[PDB]
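Shown next, in structure tokens, is the structure this report addresses.
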Amino acid sequence: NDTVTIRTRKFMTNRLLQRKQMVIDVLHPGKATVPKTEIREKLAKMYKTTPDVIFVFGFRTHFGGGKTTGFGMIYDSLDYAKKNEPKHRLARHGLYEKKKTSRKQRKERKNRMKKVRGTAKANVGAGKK
Amino acid sequence: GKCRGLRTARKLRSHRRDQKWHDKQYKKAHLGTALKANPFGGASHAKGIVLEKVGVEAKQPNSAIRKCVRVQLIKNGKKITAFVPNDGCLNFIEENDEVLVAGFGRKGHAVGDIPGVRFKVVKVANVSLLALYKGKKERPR
Amino acid sequence: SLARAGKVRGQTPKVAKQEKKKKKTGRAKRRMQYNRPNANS
Amino acid sequence: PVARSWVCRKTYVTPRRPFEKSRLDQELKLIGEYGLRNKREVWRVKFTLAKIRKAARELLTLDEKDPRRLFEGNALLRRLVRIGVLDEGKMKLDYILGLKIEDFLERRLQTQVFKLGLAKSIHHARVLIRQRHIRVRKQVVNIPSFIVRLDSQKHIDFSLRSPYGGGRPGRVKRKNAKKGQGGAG
RNA sequence: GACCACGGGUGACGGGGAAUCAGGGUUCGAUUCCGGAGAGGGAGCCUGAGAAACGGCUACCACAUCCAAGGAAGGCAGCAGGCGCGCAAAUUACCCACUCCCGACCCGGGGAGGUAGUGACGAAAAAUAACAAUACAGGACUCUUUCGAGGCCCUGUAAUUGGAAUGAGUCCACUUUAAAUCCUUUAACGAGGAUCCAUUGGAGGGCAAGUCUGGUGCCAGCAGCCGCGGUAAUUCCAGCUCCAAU
């Protein structure tokens with residue numbers, strides 16, 4: 001489209017977490033907020049890297065549209081990114097899966113296993129079945 | 001004449017506190033007797049039960065028959081007279097109906113031509129009496 | 001004694017609400033009244 | 001214990017003597033001049049004027065040689081200059097009390113837009129502003145009561161996206177054009 | 001101990017602090033902050049560094065859960081929800097991502113906390129409509145002040161249309177978010193009576209409006225004070241119009 005451009009601010013490399021913290025600014029004249037997938041692709045293209053160790057989040061658009069500000073991390077390695085990343089952020093692009101059990105169910109099973117002693121597995125099997 | 005010395009402030013606070021027991025507003029509120037004596041007990045509203053429908057004569061200059069209701073409050077069982085505010089709402093209200101009683105004005109004083117009457121009636125059978133008068137709502141069936 | 005409550009209200013005819021063009025609201029009403037009262041004589 | 005503000009404040013003071021005929025006419029005339037919505041905005045802007053008037057009074061009553069007096073004094077002049085209710089050539093502490101509520105009303109975005117000629121009328125300016133057609137510093141401002149700094153006075157123009165500035169047709173233009181094209185075809 | 005003890009009451013936890021304002025000041029302080037007390041009541045105690053602890057136990061007093069009648073098992077002024085008193089106050093929701101905390105310890109837990117549901121309870125910022133030339137009533141002006149005509153801006157007309165503009169709500173998307181909705185944008189919709197109808201109380205005063213029209217006739221009512229009501233009521237009940245705040 002040659003209308004949407006990506007700028008960055010507050011660029012600092014954190015070798016402690018093996019990443020690169022940035023503040024991503026997106027300028028679109030008459031289009032809406034660009035998808036996060038396109039943001040990762042374009043930023044990686046201009047950084048001469050791959051769009052896999054790059055994570056974006058927290059995009060807020062100024063009143064009237066046009067400018068959106070967010071956060072971006074460029075991890076040195078995929079393994080380092082896996083070690084240093086919140087699990088929900090990993091699940092956003094499909095790198096980790098959380099447990100499907102409900103917190104109410106976990107509390108109920110914890111209470112039942114607290115009532116028993118010695119065999120906490122016995123109530124787990126009966127409760128799940 | 002009044003004392004002016006620089007080491008009489010205790011006398012100033014005492015003379016002002018022992019002369020503060022001389023004005024009908026301060027002593028009425030800070031004795032704890034007025035609140036124990038009004039049937040409301042410090043209440044802006046109250047839920048009572050309609051007991052009797054009565055007609056009270058107006059004051060000397062006015063020849064009118066106001067429509068007051070004798071109501072016993074659930075909180076302390078005081079029998080009070082409460083005139084129905086708007087025209088036609090006496091027939092709107094019926095006996096054995098729980099109502100909400102509010103004020104007449106003048107800070108617990110009789111208002112208008114109704115002697116010894118200080119209470120107003122609203123919220124008849126959990127619907128507003130003003131709503132009934134204006135036709136917004138109707139009595140439950 | 002208590003049977004005359006609301007006598008005048010039921011006696012007078014119930015005149016229906018006449019059709020009145022809606023009056024301006026908010027800013028337009030304030031501007032209108034400035035441009036312009038109840039001379040009943 | 002909650003993590004929030006619990007902090008606000010009132011912006012307008014109801015006059016001690018309401019329904020005064022003299023003040024009702026003055027407020028109504030002010031409304032009919034700057035196109036105000038109602039009397040509350042008057043109650044608010046007169047309050048902010050009153051507050052910095054009081055700060056001037058307290059500042060006057062302070063001693064002659066006080067670095068804090070000069071710090072707060074000059075600082076208040078810098079703000080009033082950069083909003084534009086006071087001239088820069090009248091830099092003096094006593095001149096603050098001479099400000100007027102109508103002068104403050106002259107510095108609104110709606111009044112400045114109408115004065116610059118972006119709209120045919122003051123109410124036309126408010127309608128367009130409420131409809132998001134006026135932008136300052138390449139940002140659309142939709143507050144008629146928004147206050148424009150005197151520094152950014154010449155940076156008011158129609159938006160590049162609005163049908164007035166940019167020229168992109170809206171709902172009415174598209175419907176009319178499509179109806180005409182259908183009839184012609 | 002009269003410089004107010006001893007005693008009592010308090011619809012009193014204290015204070016940092018809140019309403020208002022010439023100034024001096026008058027009231028309100030559980031509240032989310034810093035300390036104290038309590039976990040129905042006052043008694044008691046073992047471990048622990050720190051308990052005289054109640055999401056520890058024991059006994060008594062009211063209440064009351066199950067009982068196979070030989071006993072067992074109790075305190076939601078913790079989070080929701082219920083009952084009872086009441087004029088007077090919320091969902092039997094989601095999660096440890098943000099805040100921090102606990103634990104052998106990065107990985108688990110937290111009705112502490114964050115988020116959502118109700119919320120006219122308070123504090124703001126705010127739509128409910130702008131223009132044109134027509135015809136009239138006109139206003140401000142210019143030549144003359146004579147019959148007066150002509151020319152630019154403005155007000156009013158369920159009278160004329162129009163052009164462009166716009167949200168409230170449909171609504172594929174995007175975004176925020178532990179996962180979701182509104183909020184910030186964007187596609188297609190979406191206004192003409194733009195019916196996509198702003199409302200509460202009055203028309204004697206205080207404080208802004210009616211010597212308008214009817215019904216009633218000191219009865220109803222209105223009416224905070226005077227007072228308004230014996231037939232042509234500026235205050236009563238209806239219609240129209242004006243007044244305040246929105």
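No hydrogens, no waters, no symmetry mates; every other heavy atom, side chains included, goes into these values. A, B, ... follow the sequence lines: proteins, then strands. Residue 1 opens every chain.
Taking the six-membered ring where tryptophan is involved, the planes of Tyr75(A) and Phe55(A) are tilted, since the angle between them lies from 30° to 60°.
Atom CG of residue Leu27(A) and atom NZ of residue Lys138(D) lie 9.5 Å apart, to the nearest 0.5 angstrom.
Atom CD1 in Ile65(B) sits about 13 Å away from atom P in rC218(E), given to the nearest Å. The nearest whole Å value for the distance from the CG atom in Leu90(B) to the P atom in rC219(E) is 17 Å. Separating the CZ atom of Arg10(B) from the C1' atom of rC3(E) is a distance of 4 Å, rounded to the nearest angstrom. Separating the NZ atom of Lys39(D) from the P atom of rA244(E) is a distance of 7 Å, rounded to the nearest angstrom. Atom NZ of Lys100(A) is separated from atom P of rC94(E) by 13 Å (rounded to the nearest Å).
The side chain of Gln33(C) sits closest to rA244(E) out of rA244(E), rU184(E), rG215(E). The listed nucleotides are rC219(E), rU166(E), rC87(E); the one nearest the side chain of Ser44(B) is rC87(E). Which of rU246(E), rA220(E), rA165(E) sits closest to the side chain of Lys7(C) comes down to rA220(E). Taking the side chain of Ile74(B) as heavy atoms from C-beta on, and the options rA129(E), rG86(E), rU184(E), the nearest nucleotide is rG86(E). Taking the side chain of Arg106(A) as heavy atoms from C-beta on, and the options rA179(E), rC96(E), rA164(E), the nearest nucleotide is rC96(E). When the nucleotides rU166(E), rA198(E), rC174(E) are ranked by their closest atom to the side chain of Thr25(C), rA198(E) comes out on top. Of the candidate nucleotides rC222(E), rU184(E), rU211(E), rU184(E) has the atom nearest to the side chain of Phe63(A). Here the nucleotide nearest the side chain of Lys21(C), chosen from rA158(E), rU166(E), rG11(E), is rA158(E). In the set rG239(E), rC96(E), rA178(E), the nucleotide with an atom closest to the side chain of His88(A) is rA178(E).
Note on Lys29(C): a base of the nucleic acid sits closer than 4.0 angstrom, heavy atoms only. At the heavy-atom level, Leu73(B) lies nowhere under 4.0 Å from the strands shown. Heavy atoms of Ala125(D) sit nowhere under 4.0 angstrom from any nucleic acid atom. Among the atoms of the strands shown, only primed sugar atoms or phosphate atoms (P, OP1, OP2) are found under 4.0 Å from some heavy atom of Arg132(D). Using a 4.0 Å heavy-atom cutoff across all strands shown, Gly32(B) reaches no nucleic acid atom at all. Residue contacts for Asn62(B): at a heavy-atom cut-off of 4.0 Å it reaches a base atom on one of the strands shown. Using a 4.0 Å heavy-atom cutoff across all strands shown, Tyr34(C) reaches no nucleic acid atom at all. Nucleic acid contact for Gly105(B): none, since no nucleic acid atom lies under 4.0 Å from a heavy atom of the residue. Using a 4.0 Å heavy-atom distance criterion, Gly66(A) is classed as making no nucleic acid contact. Within the 4.0 angstrom heavy-atom criterion, no nucleotide atom of any strand lies near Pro86(A).
Residues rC174(E) and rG206(E) show neither Watson-Crick nor G-U wobble pairing with both defining distances under 3.5 Å. Under a 3.5 Å limit on both donor-acceptor distances, the bases of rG17(E) and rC28(E) meet the Watson-Crick or G-U wobble criterion.
Residues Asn111(A) and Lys114(A) have side chains that never bring a donor and an acceptor to within less than 3.5 angstrom of each other.
Residue side chain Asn38(C) reaches the base of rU241(E) through a donor-acceptor N/O pair under 3.5 Å, judged by distance alone. Taking 3.5 Å as the limit, the base of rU216(E) and the side chain of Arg4(C) contain no donor-acceptor pair of atoms between them. Between the side chain of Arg66(B) and the base of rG221(E) there is at least one donor-acceptor pair of N/O atoms closer than 3.5 Å.
Between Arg31(C) and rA130(E) there is a side-chain N or O to OP1 or OP2 distance below 4.0 Å.
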